[PDB]
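Some notes on the structure that comes next.
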Amino acid sequence: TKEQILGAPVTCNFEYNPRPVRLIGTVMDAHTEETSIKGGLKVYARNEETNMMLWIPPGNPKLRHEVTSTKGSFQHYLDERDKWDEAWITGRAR
Amino acid sequence: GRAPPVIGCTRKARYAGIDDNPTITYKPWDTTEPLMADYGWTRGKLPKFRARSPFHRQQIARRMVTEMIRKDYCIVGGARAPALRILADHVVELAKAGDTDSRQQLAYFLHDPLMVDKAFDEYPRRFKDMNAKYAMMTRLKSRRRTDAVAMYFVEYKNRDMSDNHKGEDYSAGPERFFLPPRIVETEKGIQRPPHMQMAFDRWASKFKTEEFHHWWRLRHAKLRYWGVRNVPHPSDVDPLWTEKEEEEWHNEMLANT
Amino acid sequence: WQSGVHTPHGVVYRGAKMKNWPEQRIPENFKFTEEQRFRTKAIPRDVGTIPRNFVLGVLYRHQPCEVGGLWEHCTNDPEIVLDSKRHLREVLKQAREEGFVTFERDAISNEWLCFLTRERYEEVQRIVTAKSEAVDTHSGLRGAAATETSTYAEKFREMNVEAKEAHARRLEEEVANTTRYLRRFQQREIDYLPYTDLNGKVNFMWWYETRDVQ
Amino acid sequence: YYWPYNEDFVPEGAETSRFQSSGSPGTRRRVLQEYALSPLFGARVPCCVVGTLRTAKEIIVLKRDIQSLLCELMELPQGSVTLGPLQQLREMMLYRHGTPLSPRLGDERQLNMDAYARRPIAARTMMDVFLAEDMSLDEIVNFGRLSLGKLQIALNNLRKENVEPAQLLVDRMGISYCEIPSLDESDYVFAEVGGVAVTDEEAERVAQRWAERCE
Amino acid sequence: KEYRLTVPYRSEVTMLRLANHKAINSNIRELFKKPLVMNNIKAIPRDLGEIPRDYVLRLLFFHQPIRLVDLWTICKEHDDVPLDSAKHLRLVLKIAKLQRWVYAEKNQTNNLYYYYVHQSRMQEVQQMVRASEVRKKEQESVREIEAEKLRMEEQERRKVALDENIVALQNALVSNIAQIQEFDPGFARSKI
Amino acid sequence: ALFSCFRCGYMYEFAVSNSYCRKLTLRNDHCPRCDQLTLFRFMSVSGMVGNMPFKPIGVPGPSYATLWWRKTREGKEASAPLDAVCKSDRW
Amino acid sequence: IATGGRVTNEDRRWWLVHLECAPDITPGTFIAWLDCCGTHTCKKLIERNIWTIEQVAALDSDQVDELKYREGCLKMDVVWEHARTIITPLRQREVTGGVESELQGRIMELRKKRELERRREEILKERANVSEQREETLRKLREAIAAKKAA
Amino acid sequence: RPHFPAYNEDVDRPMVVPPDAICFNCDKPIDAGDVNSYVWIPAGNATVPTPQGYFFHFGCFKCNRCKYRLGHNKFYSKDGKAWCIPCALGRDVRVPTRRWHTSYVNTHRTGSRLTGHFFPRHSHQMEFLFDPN
Amino acid sequence: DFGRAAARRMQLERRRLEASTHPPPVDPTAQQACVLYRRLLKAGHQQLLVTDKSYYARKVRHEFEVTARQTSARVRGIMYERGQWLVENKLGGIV
RNA sequence: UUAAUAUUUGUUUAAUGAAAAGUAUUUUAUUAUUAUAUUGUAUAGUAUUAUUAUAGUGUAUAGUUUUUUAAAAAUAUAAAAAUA
RNA sequence: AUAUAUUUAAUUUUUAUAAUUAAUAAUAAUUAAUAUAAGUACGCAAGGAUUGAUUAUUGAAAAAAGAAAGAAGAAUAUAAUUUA
Ligand SMILES: [Mg+2]
Ligand SMILES: [Mg+2]
Ligand SMILES: [Zn+2]
Ligand SMILES: [Zn+2]
Ligand SMILES: [Zn+2]
C-alpha cells in the first residue's frame, strides 16, 4: 500500500552507454498496489548538485530499479517532499 | 513509447464509448462513495438535469432525496429521475452500512435529521434481503403540461417489509395533502411508528388554522395578479379544512387506526 | 471492545458491560497489520451527566486522586457506570473541558493528579449529597436494620479523626470486596441508540439498567 | 500543485509492515523461486459438476441430502463426497457461450453434431463434487463417468415416465445437469524464475523442501 | 457569478460572506461593505475618561518618552487594557493634550509625548500608583493570612468530606449486603 | 465551524454543510455547562464538509484559531495527563 | 482479483508468488488482508466470529454458501479460496519460518548486524581521529608561533 | 478594503456577559442575555468598574451632566459617570439638531465589535501552535 | 511556518552548535607537509605503472609549491587532508 | 413574407412607520380608549406588473416565500498543470 | 459587422456487403547532425570531393437498400454481478 511503500530508497541502475547510471532515490508515489504491466513508480533522486523526479516504468530490461528499504519511512518521505518542493521553487530563474 | 493520436482528456460525444488509452486524468473528488457522485453526460456520471449551477443542482438533489425518504416516493421530471433513483440507492447503502460516518454523511446531505433517523431505522430491515436496485422508476404516459417534460414515478421496492408506508396505496393521492395517504382495504388495521405519527400530526395540525386559510386566499390573489389563468377569485375560493370535514376525516383515521 | 483485538489477551475490565455485546473469544495468534491498525475507528462513549457525576463522586471520595489508581477506584465503586479505560479517559477529558476538574503534576513523585476546581467544588458537593440521599431513599431495610445502621453511623461520627480515617479505609476495602462478590450475581447493562439533533449532528441516547446473571 | 498525501496520512511514530522478504534481489529471487515451485495448495480436482435449474437460495436447504444421495450414487461409504460452494450462473439476457458463469445447456456439439442449434438452459446453479484427496485421477474420472451415466439414465427415465439415488436426485432434489470439467492447464511450469534458469536439481531440492514442510 | 458560489460544496467562509443580514453576531465586515444608509452600523463607542487616561499616564510616566507605536505596543503587551486600538490611544492622547495633561514635542524626525504641564500632579499620580502597589502587597499579605484561614476551612471541609464518604460507603455497604442477602444470604450471614 | 456559548463560553466544534448554512451564524444548542438551551455564536472557521473540486481534502482548512483551540484541549501538553489513564490510541 | 468467475490454478499461483511480498503476514493476521474482502464481508465474518485467516480457511462449503447467498458476500468464494490457498505456507512460517530462514540464516543475520555496528562506529571514529589530528595541528601551530615570536 | 477582521475570535480571552451587571450612569442591574437593551463596550480589561467592558442602557448612554446625546458616539467617564466631550472639556451646553435624549449606538457591542481584541492576542500564542510541544 | 518548519529550524540549530564546537580544520606546517610529500612520492614510485613517475613528481611539486601558496590556509588544510586521503587510497585511482 | 423566427418560460424568502405620487366602487375597513365641532389614512416614477431598497425617522436571528428544459458549434462570463 | 439569395462544411439516425466510371487532401528542383564509401577519386603540395542510411520535422480516413414521436446509459462505465 501507499503508506508502506512511499519513502523507501530505491537503487536504480540504468544501462546506458558508455557506462550505466547508478542512482539512489526515495519513492514519492506508486501507481499500482500489486504487480502489473502498468505498475509505475515515482522516484526523487538528488545528486551532488542535480535534483530530478523520475517516473520509472516496470518491466524494462534496461532500467533495473530495486527497492531496498523494505519499509515505508513516511517521515523521510515528507522530508524529501519538502526538499524537492524547495529545490523546484528555487530552480526557476529570477 | 509514443502518445495516443489525441492526447489529453478530450470531451467526446454523449454516446461515445471509452478509449482505454494511457491518459493522465484526475477526478474532482472520490465519487465512489455514496451521495458524492458527479454529474455529467458520460457513462461514469449521473445524468445532469438542468440547473443554474452545480450548487443549485445539488440543492435540488438534496430536496429530492429528502422528500423521497419522507413519503417513500416522488414524481419527478426529466433527467432528475435517474439521479433520484441512484441517490436513493446510495441512501439505502448508507443505511445498511449503519456506521457513525454513514449517519453523519446522510445528515450532512439531507435537510431533515428526523428523516435521517427514519431512514436508518427502516431501510436496513426493509432491504436486508435485497442486493441492489432498491428503488423502482416507472416512466408515466402523462407529461407535465407546462414544459412537456417526461414524468417518472420513483419509489422504494420492499413496501411490505417497511414499518412506515406498510399497505399504502399510491394509485390516487389522498383527499388533502396534509391527510394521511390512502390505505388498501386489506391493511386497514396497520399501525405506524409513534414518533413519525406525532410528527405527521403536528405538520397536519399546522394547516388546520385560519391563518392558513388567509395564506390560501392571499396565494389565490397573488397568482391571479401574476397572470396565472384558471385561478378563481378569493371570494369564490373555499377553505381546504373545515369542521365537518375534519370530523369525518378523524372518523376515517380512527377507522384506519 | 474485545479482549484480544483491542487489548492484550488475558486482561479484562471490571466494569459495566454493553447490552447484547458478545464477548467472543479471539485466538492467541491474532495480530493486526500495521496499516490495518491505523484505520480502526472506535465508537464514541458517553461523557454525559451520569458518567461525569460518577467520576466526580469518585474524585470527591478520594481527595485528591491520581490518574493511575483512578480506574481502580472506579472499579471498587459499587455503582460503576463506565465501560472501560477509554470511557474513563473520555469522561475525564469532558470534565476538563467543562471545568469541573484540573490536572496538575506533582514535582515529588513526577505523577499527574486530578484536583477539583474551587469554583465547581460546591456543585460537586451538591451532586455527591444528592446521590447519597438518592441511594439512601432507594436502599431498603427493616426497622431493626435501619436502627443498627443509624447506631453504626453515630458511632463512626463520634469516633476520633484518625479513627474515622481507619474506619473509612476498612469500609472502602469491605465495599470493594462486596462489590467484587456481587458483580458475579448481577451486572450493569449499558444500552445506546443513535439519533440526530436539529443541528444535523449525530449523538447517542444512553440507558443504564441492572441485570442479574446466574 | 498539491501532493496527494497529507501529513496525517501516516501517524507519526508508527511503523508500517514490511512489503518484501529482504532488500537483496538475490534473496528475493530465491524466495520467489521457492514460492513459485511450491506445490499448488488448496487445488482440488472435482469428479463431476452437478447442476440444477433452481437457485442457490432454494438448494442450500437440500445441499446435505444431495451430498448423502451422491454418496449413495457413488456407492461409497457415507462421508466420502464433499460438495463445493454453490455457484449461481449469471442470469444473462444475451447468453454468451463458453463463459464459466454462463448457464449450461442440455445439449453439446459432440452429442448432437448435426443439430442446427442447442437445447435450452438445463442448469443455473452448480456445485462441484470432490472425493477423498488420496484417490487418483483415474478413480476420480471413473466415478465421474459412472455418476454421469447414472444421472443420464435417471433423466431419461423421468422423461419417459412423466428408490434409486439417481432417481431421488433427479426428482426430489431437482437436479437436471451433470458435467465432467476439463483439466485445468492454467498453471504453467516455471522454466526460469527471475531470469535464472531452474535446474532439475534445484527443482528437486525445492520439491523435497516442500515435502518436508508438509510432513 | 462567483466560482466559489457556483461550486457545489460551499466553504464556511463562502457561507459567511452571505451573511448580509443585519443581526447580532453577523458578518460585520460584509455588513460594513454596504453603505451607511443601507447597514445600521453606528459610530464606534470609544470609552474615554479617567479609566484610559490614568492607564496611559502610568505607562507613559514609566518611559518618558515613547513614540505612538511604541506606546501602543507596550500597552498591548499587558493583559488588562481599556484601549481597543491605536486610534483609541490617539484620541485619548488628543483629549489629554487639549486638557493639558500630555504635550507632544517634535524631535529631528518624530514626535514624543511628555508630562510638563501637570508634572507635579503627574508625580502625585505616580506616587498614588506606587501606594496602590504597596496596598496590593499588603492585600497579598492579608491574602496569605486568609489562605491560612482557608487552610483551616479546608481542614473542616476534609472532615465533613470524610464523614460524607463514611456515610456513603456505609450506605453502599448495606445496599450490597441486602442484594447479597436477596441472592444468596449465606455470604451476608457470614459477613454479619 | 467552532461555536461558543453566549452565557459561559463553552466551545464545541462541528462542521457545517450546505443544508445548514442558515444555522452558521447562531446555533440554538444544548449547553453541557449551563445544562439548558443556550445560544451559540460563530467563533472560528473550519475547512468545509465536502471537497473542493480538483483540490485535496486539506483545502481550505481551518483557521489559526481552530487549530489553536484544538491544540490546547488535545495535544502534547493536553493529552499528557490523559495518556497515563488509558492512552487513547489503545483501550 | 477478477478470477473471471472462478478461482483457477493461475490465480492460486498468483497468490503463492505474491505471498513473498508479505513476510509479516502470519496465519493469525486479520481477515481484511485477504483479496476481495470488503467491509460487508469483514463485518459478516466478525459476526460469524471469524477474525483469522486460519478461521477463514477452516470454513465449510455450506457456511460459505450461507455467507454468499443469505448474508450478501459476493466474493466470499474468492476470499475462502485465497485463504485455503495461502494457509499451508503460513503454518510453516508460524512454526519455523522455513522459506524466510533457510535462505538467510542466523549466521548471516548476526554477521550483517555486527558489520553494521562496526561500520557505524568506524564512521564516527573517522571524525574523532580527524578532529584529534586537527587539534594536534593547532597545538603545533601554537608552538611554531611561540618559537617565531621568541625568534 | 474595510481592513478589519470579521467574527472576532475570543479563544484567547472570551468576552461573555457576566451574571451580575450594572450600569454606569445608573448603577442599576441590567438584563444579562434575554434582552439586548443594554450597550456593551468591551476592551479586554479587568480595570474597575465592570471588568471586560462596562455596560449602558440604550436610554441612559447619554451624557449625565447635560442629559444629551454624544457627538461622535464617544463618552467621557467622569468620577463614575459618563459625560460628553463638550461637557468634559468645559464648553457650553450645545443642543443637537438631531435626537436629543438618545444617541446613535447599536445594541450588544454590535457597534464596538469591529474594533478591539482579535486573534491572535499575544505573540507567544502563535509560537505555541507552530511548535510541536 | 509550521511544526515541520520549527523542527527543521531546531535541527539546523543543533547542527550549527555541533559545527561551531568543531574547529576549522587545519593550517599545515612545513614538517608534516614534507612528511605528506615524501609519502606521496614514495607511494607513487611504489605503485605507479603506466603514469610517468617524473611527470607525477613534477605535478606534486607544482601543487605543493604554487597551489597552497596561492590559496588560503583553510584550503591548504583541505589539500593536506586530501593528500592524506590519496596516500591511504592509492593516489585516488592513478594507475 | 420574414415566421418551424427573436423574446418569454415562475422548484425555495436574510428585511421593518411619513410627504410628494397614485384614487383602484374599502357595502359598517377596523372597535374600541381618551375626549368633546370639521376634515381626510391600503396601491410611486421611468409610454409596463420594467437593470429599480425613492433613504424622513428608527433598529435589527419573524428565514417578513412565483424562474422551465436529458447531449452539440460560435459567443458571453469564471476557472484554467511539476512550460515559458 | 448582416445567412436574405447563391456557395460551402456537415447531417437525413446498424446499409451483413467501399471500389466496373464522376469528382477528389500530400507530382523531390528540401534543410541540419552524424557515420560509411575513404582518410578513396581528384590535386605539385597543404589538402580533399560526389554519394541511395539513420535521426531531426509526429501523422494516418471508405457516400447514400429495411419498418423510427423515451435515455443510442434504465444511466452510480457488467447487457441484468444473488435480489421481497
Ligand atoms: Mg409607476
Ligand atoms: Mg436506417
Ligand atoms: Zn453555556
Ligand atoms: Zn443606565
Ligand atoms: Zn454633556
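We did not get these values from a lab; they are worked out from the coordinates using the rules stated. Backbone-built Cβ (ideal geometry, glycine too); neighbour counts: all protein chains shown.
The rows are residues; the columns are (1) of a type in the set (D, E, K, R); (2) within 16 Å of ligand 5 (Cβ to nearest atom); (3) more than 18 Å from E:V92 (Cβ to Cβ); (4) over 14 Å from the mean Cα position of the chain (by Cα).
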residue	(1), (2), (3), (4)
H:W40	no, no, yes, no
H:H57	no, no, yes, no
H:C60	no, yes, yes, no
H:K67	yes, yes, yes, yes
H:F75	no, yes, no, no
H:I85	no, yes, no, yes
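Can you find even one residue in the range D:146-166 that is within 22 Å of the chain's Cα centre (by Cα) and assigned to a strand (DSSP E or B)? No, the range D:146-166 contains no residue that is within 22 Å of the chain's Cα centre (by Cα) and assigned to a strand (DSSP E or B).
Wholly within the range B:177-257, which helices (runs of 4 or more DSSP H) include no fewer than the required count, namely at least 3 residues that are within 30 Å of B:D160 (Cβ to Cβ)?
It comes to B:194-205, B:243-256.
When the helices (runs of 4 or more DSSP H) confined to the range I:16-95 are screened for residues that are surrounded by fewer than 16 Cβ atoms within 10 Å (Cβ to Cβ) and within 14 Å of chain G (Cβ to nearest Cβ), those reaching at least 1 such residues are found at I:30-46, I:73-88.
For beta carbons closer than 8 Å, sequence separation of 6+ or different chains, a first residue in the range B:70-96 that is on the phi > 0 side of the Ramachandran plot and more than 14 Å from every other protein chain (Cβ to nearest Cβ) and a second that is within 9 Å of RNA strand K (Cβ to nearest atom) and not in a loop (DSSP other than H, G, I, E, B), the qualifying pairs are B:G78/B:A150. When restricted to residues that are under 17 Å from G:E47 (Cα atoms) and either at the interface with chain D (Cβ under 7 Å from one of its Cβ atoms) or in a helix (DSSP H, G or I) (or both), the range G:71-89 contains 4. Taken together, the criteria exclude C:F156 from residues that are facing another protein chain (nearest Cβ under 9 Å), surrounded by 14 or more Cβ atoms within 10 Å (Cβ to Cβ) and farther than 20 Å from E:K159 by Cβ. Please pick out the residue among D:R118, D:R28, D:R90, D:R109 that is within 21 Å of the chain's Cα centre (by Cα) and either charged (D, E, K, R) or within 16 Å of ligand 4 (Cβ to nearest atom) (or both). Step by step, each of D:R118, D:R28, D:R90, D:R109 is checked, and only D:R90 is within 21 Å of the chain's Cα centre (by Cα) and either charged (D, E, K, R) or within 16 Å of ligand 4 (Cβ to nearest atom) (or both). Looking across the range H:73-94, the residues that are surrounded by fewer than 18 Cβ atoms within 10 Å (Cβ to Cβ) and either among the aliphatic types (A, V, I, L, M) or touching a helix residue (DSSP H, G or I) at 6+ places or on another chain (Cβ under 8 Å) (or both) come down to H:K78, H:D79, H:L89, H:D92, H:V93, H:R94. Residues in the range C:135-151 that are under 18 Å from E:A188 (Cα atoms) and within 27 Å of the chain's Cα centre (by Cα) were compared, and the one that is surrounded by the fewest Cβ atoms within 10 Å (Cβ to Cβ) is C:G140.
Note on the range F:31-55: residues that are away from RNA strand J (no atom under 11 Å from the Cβ) and away from chain E (no Cβ under 11 Å) total 6. Selection of the range B:31-65 for residues being in a helix (DSSP H, G or I) and either within 16 Å of ligand 4 (Cβ to nearest atom) or in contact with a helix residue (DSSP H, G or I) (Cβ under 8 Å, 6 or more places away or on another chain) (or both) yields B:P54, B:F55, B:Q58, B:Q59, B:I60, B:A61, B:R62, B:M64, B:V65. Apart from one condition, I:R8 fits all of (1) closer than 27 Å to I:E63 by Cβ; (2) touching a helix residue (DSSP H, G or I) at 6+ places or on another chain (Cβ under 9 Å); the exception is (1).
Among the numbered conditions (1) of a type in the set (V, I, T); (2) facing chain F (nearest Cβ under 10 Å); (3) under 16 Å from the mean Cα position of the chain (by Cα), the only one that C:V128 does not meet is (2).
Taken over the range B:101-119, the criterion of being in a helix (DSSP H, G or I) and among the acidic types (D, E) is satisfied by B:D101, B:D117.
The number of residues in the range H:17-33 being within 13 Å of chain E (Cβ to nearest Cβ) and more than 22 Å from E:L48 (Cα to Cα) comes to 1.
Do you know which of the residues in the range B:1-29 that are within 14 Å of chain F (Cβ to nearest Cβ) and more than 27 Å from A:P58 (Cα to Cα) is nearest to RNA strand J (Cβ to nearest atom)? Residue satisfying both the conditions and the ranking: B:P28. The set of residues from the range C:1-40 being more than 7 Å from every other protein chain (Cβ to nearest Cβ) and among the hydroxyl-bearing types (S, T, Y) comprises C:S3, C:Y13, C:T40. Being more than 16 Å from ligand 4 (Cβ to nearest atom) and either out of contact with any helix residue (DSSP H, G or I) (no Cβ under 8 Å at 6 or more places or on another chain) or more than 19 Å from H:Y7 (Cβ to Cβ) (or both) is a property that holds for F:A65. Suppose the filter is surrounded by 17 or more Cβ atoms within 10 Å (Cβ to Cβ) and of a type in the set (D, E); does D:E34 pass it? Criteria met by D:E34. Checked against the criterion of being hydroxyl-bearing (S, T, Y) and either within 14 Å of chain B (Cβ to nearest Cβ) or in contact with a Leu (Cβ under 6 Å, 6 or more places away or on another chain) (or both), the range C:180-194 contains one or more residues that satisfy it. Within the range G:112-131, not a single residue is within 30 Å of G:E10 (Cβ to Cβ) and in a helix (DSSP H, G or I).
Note down all Cβ pairs under 8 Å where the first residue falls in the range B:141-164 and is over 30 Å from B:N131 (Cα atoms), the second is more than 16 Å from ligand 3 (Cβ to nearest atom) and among the charged types (D, E, K, R), and they're at least six residues apart or on different chains. Correct list of pairs: B:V149/B:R143. Within the set E:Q179, E:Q126, E:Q170, E:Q139, the sole residue that is surrounded by 15 or more Cβ atoms within 10 Å (Cβ to Cβ) and under 26 Å from the mean Cα position of the chain (by Cα) turns out to be E:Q126.
For the range C:162-173, the criterion of being assigned to a helix (DSSP H, G or I) and over 26 Å from the mean Cα position of the chain (by Cα) is met by at least one residue. Would you confirm whether any residue within the range H:4-22 is in contact with a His (Cβ under 8 Å, 6 or more places away or on another chain), charged (D, E, K, R) and within 15 Å of RNA strand J (Cβ to nearest atom)? No, the range H:4-22 contains no residue that is in contact with a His (Cβ under 8 Å, 6 or more places away or on another chain), charged (D, E, K, R) and within 15 Å of RNA strand J (Cβ to nearest atom). All of G:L116, G:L59 fail the test of being loosely packed, with under 11 Cβ neighbours inside 10 Å and within 14 Å of chain D (Cβ to nearest Cβ), apart from G:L116. Among the criteria (1) more than 8 Å from every other protein chain (Cβ to nearest Cβ); (2) away from ligand 4 (no atom under 16 Å from the Cβ), the one H:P2 does not fulfil is (1). Restricting to the range F:1-30, count the residues that are within 15 Å of RNA strand J (Cβ to nearest atom), more than 7 Å from every other protein chain (Cβ to nearest Cβ) and within 14 Å of the chain's Cα centre (by Cα). Matching residues across the range F:1-30 total 2.
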